[PDB]
Structure formats: C-alpha cells, structure tokens
$ cat start_30.txt   # compact mmCIF, N, CA and C atoms and all ligand atoms
# COMPACT_ATOMS: atom_id res chain seq x y z
N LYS U 1 7.00 13.07 -20.90
CA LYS U 1 6.48 11.71 -21.25
C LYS U 1 6.60 10.79 -20.03
N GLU U 2 7.41 9.72 -20.14
CA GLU U 2 7.69 8.81 -19.03
C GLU U 2 8.47 9.53 -17.93
N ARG U 3 9.32 10.47 -18.35
CA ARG U 3 10.22 11.15 -17.43
C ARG U 3 9.47 11.91 -16.35
N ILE U 4 8.41 12.62 -16.75
CA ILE U 4 7.58 13.37 -15.82
C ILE U 4 6.92 12.40 -14.85
N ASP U 5 6.44 11.28 -15.39
CA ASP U 5 5.68 10.30 -14.62
C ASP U 5 6.54 9.70 -13.51
N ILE U 6 7.82 9.43 -13.81
CA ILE U 6 8.75 8.96 -12.78
C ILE U 6 8.98 10.03 -11.70
N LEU U 7 9.17 11.27 -12.12
CA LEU U 7 9.34 12.37 -11.18
C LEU U 7 8.09 12.54 -10.32
N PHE U 8 6.92 12.41 -10.94
CA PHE U 8 5.64 12.53 -10.25
C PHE U 8 5.53 11.48 -9.14
N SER U 9 5.87 10.23 -9.44
CA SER U 9 5.85 9.16 -8.44
C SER U 9 6.82 9.46 -7.30
N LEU U 10 8.02 9.92 -7.66
CA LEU U 10 9.01 10.29 -6.66
C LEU U 10 8.53 11.45 -5.80
N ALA U 11 7.90 12.43 -6.45
CA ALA U 11 7.36 13.58 -5.75
C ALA U 11 6.28 13.13 -4.78
N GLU U 12 5.49 12.12 -5.18
CA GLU U 12 4.42 11.64 -4.32
C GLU U 12 4.96 11.00 -3.03
N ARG U 13 6.01 10.18 -3.13
CA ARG U 13 6.55 9.53 -1.94
C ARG U 13 7.17 10.53 -0.95
N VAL U 14 7.94 11.48 -1.48
CA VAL U 14 8.57 12.51 -0.65
C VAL U 14 7.49 13.39 -0.01
N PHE U 15 6.41 13.58 -0.76
CA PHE U 15 5.40 14.57 -0.43
C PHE U 15 4.87 14.44 1.00
N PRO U 16 4.29 13.29 1.40
CA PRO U 16 3.95 13.05 2.83
C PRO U 16 5.18 13.03 3.74
N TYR U 17 6.30 12.59 3.19
CA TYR U 17 7.52 12.44 3.98
C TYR U 17 8.00 13.80 4.52
N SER U 18 8.02 14.79 3.63
CA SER U 18 8.44 16.14 3.97
C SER U 18 7.95 17.08 2.86
N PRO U 19 7.04 18.01 3.18
CA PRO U 19 6.55 19.01 2.18
C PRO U 19 7.68 19.78 1.50
N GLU U 20 8.67 20.13 2.31
CA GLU U 20 9.77 20.97 1.88
C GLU U 20 10.66 20.25 0.86
N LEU U 21 10.93 18.97 1.10
CA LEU U 21 11.66 18.14 0.14
C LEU U 21 10.87 17.97 -1.15
N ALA U 22 9.56 17.77 -0.99
CA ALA U 22 8.65 17.56 -2.10
C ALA U 22 8.61 18.80 -2.99
N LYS U 23 8.70 19.94 -2.32
CA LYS U 23 8.67 21.24 -2.97
C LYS U 23 9.82 21.32 -3.96
N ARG U 24 11.00 20.90 -3.53
CA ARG U 24 12.15 20.81 -4.43
C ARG U 24 11.94 19.80 -5.56
N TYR U 25 11.40 18.62 -5.25
CA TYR U 25 11.12 17.60 -6.26
C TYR U 25 10.08 18.01 -7.30
N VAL U 26 8.99 18.65 -6.85
CA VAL U 26 7.94 19.10 -7.76
C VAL U 26 8.48 20.16 -8.72
N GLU U 27 9.26 21.10 -8.18
CA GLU U 27 9.77 22.20 -8.98
C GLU U 27 10.59 21.64 -10.13
N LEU U 28 11.30 20.55 -9.85
CA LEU U 28 11.92 19.72 -10.88
C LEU U 28 10.93 19.09 -11.86
N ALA U 29 9.82 18.54 -11.37
CA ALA U 29 8.86 17.94 -12.29
C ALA U 29 8.18 18.96 -13.21
N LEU U 30 7.80 20.10 -12.64
CA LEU U 30 7.24 21.22 -13.39
C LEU U 30 8.23 21.83 -14.39
N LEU U 31 9.49 21.96 -13.99
CA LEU U 31 10.53 22.48 -14.88
C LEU U 31 10.70 21.54 -16.06
N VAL U 32 10.67 20.25 -15.76
CA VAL U 32 10.74 19.22 -16.80
C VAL U 32 9.55 19.36 -17.75
N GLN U 33 8.36 19.56 -17.19
CA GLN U 33 7.14 19.60 -17.98
C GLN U 33 7.17 20.73 -19.02
N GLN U 34 7.59 21.94 -18.63
CA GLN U 34 7.73 23.03 -19.58
C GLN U 34 8.85 22.77 -20.60
N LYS U 35 9.97 22.23 -20.13
CA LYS U 35 11.11 21.96 -21.01
C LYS U 35 10.77 20.91 -22.06
N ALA U 36 10.07 19.85 -21.64
CA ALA U 36 9.56 18.84 -22.56
C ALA U 36 8.38 19.37 -23.36
N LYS U 37 7.82 20.51 -22.93
CA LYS U 37 6.72 21.14 -23.65
C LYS U 37 5.60 20.15 -23.94
N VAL U 38 5.21 19.41 -22.91
CA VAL U 38 4.10 18.46 -23.02
C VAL U 38 2.98 18.86 -22.06
N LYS U 39 1.77 18.93 -22.59
CA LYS U 39 0.59 19.15 -21.76
C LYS U 39 0.04 17.82 -21.28
N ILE U 40 -0.23 17.73 -19.99
CA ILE U 40 -0.83 16.54 -19.40
C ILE U 40 -2.18 16.89 -18.79
N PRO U 41 -3.09 15.90 -18.60
CA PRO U 41 -4.50 16.21 -18.23
C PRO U 41 -4.61 17.08 -16.98
N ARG U 42 -4.93 16.46 -15.85
CA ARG U 42 -5.02 17.20 -14.59
C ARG U 42 -3.83 16.91 -13.67
N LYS U 43 -2.93 16.01 -14.07
CA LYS U 43 -2.04 15.36 -13.11
C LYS U 43 -1.09 16.33 -12.40
N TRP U 44 -0.46 17.22 -13.16
CA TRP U 44 0.36 18.26 -12.54
C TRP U 44 -0.33 19.62 -12.47
N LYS U 45 -1.18 19.91 -13.46
CA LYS U 45 -1.80 21.23 -13.59
C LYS U 45 -2.72 21.53 -12.41
N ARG U 46 -3.50 20.51 -12.05
CA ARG U 46 -4.51 20.63 -11.00
C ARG U 46 -4.02 20.17 -9.63
N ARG U 47 -2.78 19.67 -9.57
CA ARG U 47 -2.26 19.08 -8.34
C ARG U 47 -1.03 19.83 -7.84
N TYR U 48 -1.03 21.16 -7.90
CA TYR U 48 0.15 21.90 -7.46
C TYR U 48 -0.20 23.27 -6.88
N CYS U 49 0.75 23.86 -6.16
CA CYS U 49 0.62 25.22 -5.66
C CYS U 49 0.99 26.26 -6.71
N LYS U 50 0.37 27.43 -6.60
CA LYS U 50 0.60 28.51 -7.55
C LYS U 50 2.04 29.01 -7.54
N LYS U 51 2.65 29.12 -6.36
CA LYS U 51 4.03 29.60 -6.27
C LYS U 51 5.03 28.63 -5.62
N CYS U 52 4.55 27.67 -4.84
CA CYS U 52 5.43 26.63 -4.31
C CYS U 52 5.90 25.65 -5.36
N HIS U 53 5.00 25.35 -6.30
CA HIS U 53 5.29 24.36 -7.33
C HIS U 53 5.43 23.01 -6.65
N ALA U 54 4.44 22.76 -5.79
CA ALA U 54 4.47 21.63 -4.88
C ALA U 54 3.15 20.88 -4.99
N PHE U 55 3.16 19.58 -4.71
CA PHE U 55 1.97 18.77 -4.95
C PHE U 55 0.86 19.24 -4.00
N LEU U 56 -0.33 19.49 -4.52
CA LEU U 56 -1.44 19.88 -3.65
C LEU U 56 -2.29 18.66 -3.30
N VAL U 57 -2.16 18.26 -2.04
CA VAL U 57 -3.16 17.45 -1.35
C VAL U 57 -3.38 18.03 0.05
N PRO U 58 -4.64 18.16 0.53
CA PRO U 58 -4.89 18.47 1.97
C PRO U 58 -4.36 17.38 2.88
N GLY U 59 -3.85 17.83 4.02
CA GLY U 59 -3.37 16.96 5.09
C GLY U 59 -1.86 16.71 5.01
N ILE U 60 -1.25 17.00 3.86
CA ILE U 60 0.13 16.57 3.63
C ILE U 60 1.12 17.75 3.63
N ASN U 61 1.12 18.55 2.55
CA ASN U 61 1.95 19.76 2.50
C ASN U 61 1.10 20.99 2.77
N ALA U 62 -0.19 20.72 2.94
CA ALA U 62 -1.23 21.74 2.92
C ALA U 62 -2.41 21.17 3.70
N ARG U 63 -3.21 22.04 4.29
CA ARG U 63 -4.37 21.61 5.06
C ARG U 63 -5.59 22.43 4.67
N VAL U 64 -6.75 21.79 4.69
CA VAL U 64 -7.98 22.41 4.25
C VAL U 64 -9.01 22.33 5.37
N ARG U 65 -9.66 23.47 5.60
CA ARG U 65 -10.78 23.52 6.52
C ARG U 65 -12.05 23.66 5.69
N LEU U 66 -13.05 22.84 6.02
CA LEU U 66 -14.30 22.85 5.27
C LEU U 66 -15.34 23.54 6.14
N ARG U 67 -15.94 24.59 5.61
CA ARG U 67 -16.95 25.35 6.35
C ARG U 67 -18.32 25.14 5.74
N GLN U 68 -19.31 25.01 6.62
CA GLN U 68 -20.70 24.88 6.22
C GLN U 68 -21.51 26.09 6.67
N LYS U 69 -21.85 26.84 5.63
CA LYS U 69 -22.83 27.92 5.63
C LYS U 69 -23.66 27.64 4.38
N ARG U 70 -24.81 28.26 4.17
CA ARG U 70 -25.36 28.06 2.84
C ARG U 70 -24.65 29.04 1.91
N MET U 71 -23.33 28.88 1.86
CA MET U 71 -22.48 28.95 0.68
C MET U 71 -21.34 27.97 0.92
N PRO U 72 -21.12 26.86 0.18
CA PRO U 72 -19.94 26.01 0.51
C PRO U 72 -18.64 26.79 0.33
N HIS U 73 -17.69 26.58 1.24
CA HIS U 73 -16.34 27.12 1.11
C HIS U 73 -15.32 26.18 1.75
N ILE U 74 -14.13 26.13 1.16
CA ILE U 74 -12.97 25.51 1.80
C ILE U 74 -11.78 26.48 1.80
N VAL U 75 -10.97 26.44 2.86
CA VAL U 75 -9.73 27.21 2.89
C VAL U 75 -8.53 26.28 3.02
N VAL U 76 -7.52 26.50 2.18
CA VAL U 76 -6.36 25.61 2.08
C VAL U 76 -5.11 26.41 2.41
N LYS U 77 -4.31 25.84 3.31
CA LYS U 77 -3.03 26.46 3.64
C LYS U 77 -1.95 25.49 3.19
N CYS U 78 -1.03 25.95 2.34
CA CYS U 78 0.06 25.08 1.90
C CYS U 78 1.37 25.59 2.50
N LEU U 79 2.08 24.68 3.15
CA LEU U 79 3.15 25.03 4.06
C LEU U 79 4.25 25.75 3.29
N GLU U 80 4.55 25.27 2.09
CA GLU U 80 5.73 25.76 1.38
C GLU U 80 5.55 27.24 1.06
N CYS U 81 4.33 27.65 0.70
CA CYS U 81 4.04 29.08 0.60
C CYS U 81 3.83 29.67 1.99
N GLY U 82 3.23 28.89 2.89
CA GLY U 82 2.88 29.40 4.21
C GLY U 82 1.61 30.24 4.15
N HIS U 83 0.89 30.14 3.03
CA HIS U 83 -0.25 31.02 2.75
C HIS U 83 -1.56 30.26 2.61
N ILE U 84 -2.64 30.94 3.00
CA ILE U 84 -4.00 30.41 2.93
C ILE U 84 -4.69 30.81 1.63
N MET U 85 -5.25 29.78 1.00
CA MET U 85 -5.97 29.91 -0.26
C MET U 85 -7.44 29.57 -0.02
N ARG U 86 -8.33 30.34 -0.65
CA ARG U 86 -9.76 30.04 -0.59
C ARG U 86 -10.19 29.39 -1.89
N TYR U 87 -11.00 28.35 -1.76
CA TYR U 87 -11.67 27.74 -2.91
C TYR U 87 -13.17 27.70 -2.67
N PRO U 88 -13.92 28.64 -3.27
CA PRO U 88 -15.40 28.60 -3.25
C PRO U 88 -15.93 27.36 -3.96
N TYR U 89 -17.02 26.81 -3.43
CA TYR U 89 -17.72 25.71 -4.08
C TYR U 89 -19.23 25.88 -3.93
N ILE U 90 -20.01 25.35 -4.89
CA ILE U 90 -21.47 25.41 -4.81
C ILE U 90 -22.08 24.01 -5.03
N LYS U 91 -23.00 23.62 -4.14
CA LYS U 91 -23.74 22.37 -4.25
C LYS U 91 -22.80 21.17 -4.15
ZN ZN E 101 2.06 26.61 -1.43

$ encode --input "start_30.txt" --output "structure tokens" --more "lines below"
Ligand SMILES: [Zn+2]
Amino acid sequence: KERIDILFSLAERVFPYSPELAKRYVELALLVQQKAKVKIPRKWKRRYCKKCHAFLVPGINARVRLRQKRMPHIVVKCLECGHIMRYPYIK
C-alpha cells in the first residue's frame, strides 16, 4: 500500500546515486510487494530487472543502445546483473 510507495520513492533517489545501493533497496521493495500480496499497475512490475530486482531506467543502473534498421531494436545493459537484454520493437 503506502509502504511500497515510500520504498519506491527511496529506491528512486538511491537509484541514480548508486545502482548497487538501489539494487538492495529495490529487492526490499519487491520483497515487501509479495509479502503484502498487492498487485500494482506498472510501477514495480514494468520498472525492474529480471534478476537484479532493481529499478529499470536507461542511463542510470542500466544503459540502452537504440539501433535503426528496418526492424526497430534496443539493447539494455543493467549493471547489477552486468548483462545485456534485447527488447524488440516495431513502428
Ligand atoms: Zn539487472
């Protein structure tokens, strides 16, 4: 409820500050989310790494390269995993 939202705000400030610190904070926010057993729209579900459990934004804990071919593609590397993720896009 409110508890997640406070953690989310805290996770956001740490997030640019240090990906690694944020990684610890997010893992707390996600752990809270399952424990509270509350589903939220896109806020945590769509804004995190698959195994880091860290806030996903390009430029901050993770970086994205945008490629132009006539197939759109972006590649995202998130530091906490240290791994590159592909996200296909069309139009
Ligand atoms: Zn990651």

$ residues_near_ligand --input "start_30.txt" --ligand "ligand ZN 101 (chain E)" --cutoff "6.5 Å" --atoms "all atoms listed in the file" --output "list in words"
residues 49, 50, 51, 52, 53, 54, 77, 78, 79, 80, 81, 82 and 83 of chain U

$ atom_distance --input "start_30.txt" --atom1 "atom N of residue U:2" --atom2 "atom N of residue U:26"
16.1 Å

$ atom_distance --input "start_30.txt" --atom1 "atom CA of residue U:40" --atom2 "atom CA of residue U:55"
14.9 Å

$ closest_residue --input "start_30.txt" --among "U:14, U:56, U:64, U:4" --to "residue U:29" --atoms "only N, CA and C atoms"
U:4

$ atom_distance --input "start_30.txt" --atom1 "atom CA of residue U:11" --atom2 "atom CA of residue U:73"
28.1 Å

$ residues_around --input "start_30.txt" --residues "residue U:38" --least-positions-apart "4" --cutoff "6.5 Å" --atoms "only N, CA and C atoms" --output "list in words"
residues 1, 33 and 34 of chain U

$ axis_aligned_box --input "start_30.txt" --around "stretch 58-75 of chain U" --padding-each-side "4 Å" --output "lines of an AutoDock Vina configuration file"
center_x = -11.7
center_y = 22.8
center_z = 3.4
size_x = 35.3
size_y = 20.5
size_z = 14.5

$ select_by_dssp --input "start_30.txt" --residues "stretch 3-84 of chain U" --states "alpha helix (DSSP H)" --output "PyMOL selection string"
chain U and resi 3-17+19-36

$ residues_near_point --input "start_30.txt" --point "(-5.8, 22.0, 3.3)" --cutoff "6.5 Å" --atoms "only N, CA and C atoms" --output "PDB file with N, CA and C atoms, in the frame of the given file"
ATOM      1  N   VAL U  57      -2.160  18.260  -2.040  1.00  0.00           N
ATOM      2  CA  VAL U  57      -3.160  17.450  -1.350  1.00  0.00           C
ATOM      3  C   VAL U  57      -3.380  18.030   0.050  1.00  0.00           C
ATOM      4  N   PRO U  58      -4.640  18.160   0.530  1.00  0.00           N
ATOM      5  CA  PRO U  58      -4.890  18.470   1.970  1.00  0.00           C
ATOM      6  C   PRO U  58      -4.360  17.380   2.880  1.00  0.00           C
ATOM      7  N   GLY U  59      -3.850  17.830   4.020  1.00  0.00           N
ATOM      8  CA  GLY U  59      -3.370  16.960   5.090  1.00  0.00           C
ATOM      9  C   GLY U  59      -1.860  16.710   5.010  1.00  0.00           C
ATOM     10  N   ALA U  62      -0.190  20.720   2.940  1.00  0.00           N
ATOM     11  CA  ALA U  62      -1.230  21.740   2.920  1.00  0.00           C
ATOM     12  C   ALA U  62      -2.410  21.170   3.700  1.00  0.00           C
ATOM     13  N   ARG U  63      -3.210  22.040   4.290  1.00  0.00           N
ATOM     14  CA  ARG U  63      -4.370  21.610   5.060  1.00  0.00           C
ATOM     15  C   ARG U  63      -5.590  22.430   4.670  1.00  0.00           C
ATOM     16  N   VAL U  64      -6.750  21.790   4.690  1.00  0.00           N
ATOM     17  CA  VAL U  64      -7.980  22.410   4.250  1.00  0.00           C
ATOM     18  C   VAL U  64      -9.010  22.330   5.370  1.00  0.00           C
ATOM     19  N   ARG U  65      -9.660  23.470   5.600  1.00  0.00           N
ATOM     20  CA  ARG U  65     -10.780  23.520   6.520  1.00  0.00           C
ATOM     21  C   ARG U  65     -12.050  23.660   5.690  1.00  0.00           C
ATOM     22  N   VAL U  75     -10.970  26.440   2.860  1.00  0.00           N
ATOM     23  CA  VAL U  75      -9.730  27.210   2.890  1.00  0.00           C
ATOM     24  C   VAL U  75      -8.530  26.280   3.020  1.00  0.00           C
ATOM     25  N   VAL U  76      -7.520  26.500   2.180  1.00  0.00           N
ATOM     26  CA  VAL U  76      -6.360  25.610   2.080  1.00  0.00           C
ATOM     27  C   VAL U  76      -5.110  26.410   2.410  1.00  0.00           C
ATOM     28  N   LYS U  77      -4.310  25.840   3.310  1.00  0.00           N
ATOM     29  CA  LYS U  77      -3.030  26.460   3.640  1.00  0.00           C
ATOM     30  C   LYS U  77      -1.950  25.490   3.190  1.00  0.00           C
ATOM     31  N   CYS U  78      -1.030  25.950   2.340  1.00  0.00           N
ATOM     32  CA  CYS U  78       0.060  25.080   1.900  1.00  0.00           C
ATOM     33  C   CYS U  78       1.370  25.590   2.500  1.00  0.00           C
TER      34      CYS U  78
END

$ select_by_dssp --input "start_30.txt" --residues "chain U" --states "strand (DSSP E or B)" --output "PyMOL selection string"
chain U and resi 48+55+58+62-67+73-78+83-88

$ closest_residue --input "start_30.txt" --among "U:74, U:7, U:85, U:66" --to "residue U:28" --atoms "all atoms listed in the file"
U:7

$ build_atoms --input "start_30.txt" --residues "stretch 59-84 of chain U" --atoms "N, CA, C and O atoms" --output "short mmCIF file (atom, residue, chain, number, x, y, z; two decimals), in the coordinates of the input"
data_model
loop_
_atom_site.label_atom_id
_atom_site.label_comp_id
_atom_site.auth_asym_id
_atom_site.auth_seq_id
_atom_site.Cartn_x
_atom_site.Cartn_y
_atom_site.Cartn_z
N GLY U 59 -3.85 17.83 4.02
CA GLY U 59 -3.37 16.96 5.09
C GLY U 59 -1.86 16.71 5.01
O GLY U 59 -1.29 16.17 5.96
N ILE U 60 -1.25 17.00 3.86
CA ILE U 60 0.13 16.57 3.63
C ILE U 60 1.12 17.75 3.63
O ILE U 60 1.77 17.99 4.64
N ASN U 61 1.12 18.55 2.55
CA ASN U 61 1.95 19.76 2.50
C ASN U 61 1.10 20.99 2.77
O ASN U 61 1.53 22.12 2.57
N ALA U 62 -0.19 20.72 2.94
CA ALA U 62 -1.23 21.74 2.92
C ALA U 62 -2.41 21.17 3.70
O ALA U 62 -2.52 19.96 3.82
N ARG U 63 -3.21 22.04 4.29
CA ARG U 63 -4.37 21.61 5.06
C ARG U 63 -5.59 22.43 4.67
O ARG U 63 -5.47 23.62 4.40
N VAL U 64 -6.75 21.79 4.69
CA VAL U 64 -7.98 22.41 4.25
C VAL U 64 -9.01 22.33 5.37
O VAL U 64 -9.01 21.38 6.14
N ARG U 65 -9.66 23.47 5.60
CA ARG U 65 -10.78 23.52 6.52
C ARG U 65 -12.05 23.66 5.69
O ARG U 65 -12.09 24.42 4.73
N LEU U 66 -13.05 22.84 6.02
CA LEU U 66 -14.30 22.85 5.27
C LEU U 66 -15.34 23.54 6.14
O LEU U 66 -15.56 23.13 7.28
N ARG U 67 -15.94 24.59 5.61
CA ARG U 67 -16.95 25.35 6.35
C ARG U 67 -18.32 25.14 5.74
O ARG U 67 -18.51 25.41 4.55
N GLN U 68 -19.31 25.01 6.62
CA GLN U 68 -20.70 24.88 6.22
C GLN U 68 -21.51 26.09 6.67
O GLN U 68 -21.50 26.48 7.84
N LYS U 69 -21.85 26.84 5.63
CA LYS U 69 -22.83 27.92 5.63
C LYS U 69 -23.66 27.64 4.38
O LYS U 69 -23.28 26.74 3.62
N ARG U 70 -24.81 28.26 4.17
CA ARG U 70 -25.36 28.06 2.84
C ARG U 70 -24.65 29.04 1.91
O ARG U 70 -25.27 29.55 0.97
N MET U 71 -23.33 28.88 1.86
CA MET U 71 -22.48 28.95 0.68
C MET U 71 -21.34 27.97 0.92
O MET U 71 -20.65 28.15 1.92
N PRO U 72 -21.12 26.86 0.18
CA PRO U 72 -19.94 26.01 0.51
C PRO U 72 -18.64 26.79 0.33
O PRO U 72 -18.44 27.39 -0.72
N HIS U 73 -17.69 26.58 1.24
CA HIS U 73 -16.34 27.12 1.11
C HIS U 73 -15.32 26.18 1.75
O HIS U 73 -15.52 25.74 2.88
N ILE U 74 -14.13 26.13 1.16
CA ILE U 74 -12.97 25.51 1.80
C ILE U 74 -11.78 26.48 1.80
O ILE U 74 -11.63 27.27 0.87
N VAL U 75 -10.97 26.44 2.86
CA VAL U 75 -9.73 27.21 2.89
C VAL U 75 -8.53 26.28 3.02
O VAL U 75 -8.47 25.49 3.95
N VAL U 76 -7.52 26.50 2.18
CA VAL U 76 -6.36 25.61 2.08
C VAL U 76 -5.11 26.41 2.41
O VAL U 76 -4.73 27.28 1.63
N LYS U 77 -4.31 25.84 3.31
CA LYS U 77 -3.03 26.46 3.64
C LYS U 77 -1.95 25.49 3.19
O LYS U 77 -1.83 24.44 3.79
N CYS U 78 -1.03 25.95 2.34
CA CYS U 78 0.06 25.08 1.90
C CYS U 78 1.37 25.59 2.50
O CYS U 78 1.82 26.69 2.17
N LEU U 79 2.08 24.68 3.15
CA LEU U 79 3.15 25.03 4.06
C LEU U 79 4.25 25.75 3.29
O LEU U 79 4.84 26.70 3.79
N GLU U 80 4.55 25.27 2.09
CA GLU U 80 5.73 25.76 1.38
C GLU U 80 5.55 27.24 1.06
O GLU U 80 6.54 27.96 0.97
N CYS U 81 4.33 27.65 0.70
CA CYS U 81 4.04 29.08 0.60
C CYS U 81 3.83 29.67 1.99
O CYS U 81 4.24 30.80 2.24
N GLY U 82 3.23 28.89 2.89
CA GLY U 82 2.88 29.40 4.21
C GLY U 82 1.61 30.24 4.15
O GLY U 82 1.40 31.09 5.01
N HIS U 83 0.89 30.14 3.03
CA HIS U 83 -0.25 31.02 2.75
C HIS U 83 -1.56 30.26 2.61
O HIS U 83 -1.57 29.07 2.29
N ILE U 84 -2.64 30.94 3.00
CA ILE U 84 -4.00 30.41 2.93
C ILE U 84 -4.69 30.81 1.63
O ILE U 84 -4.48 31.90 1.10
#
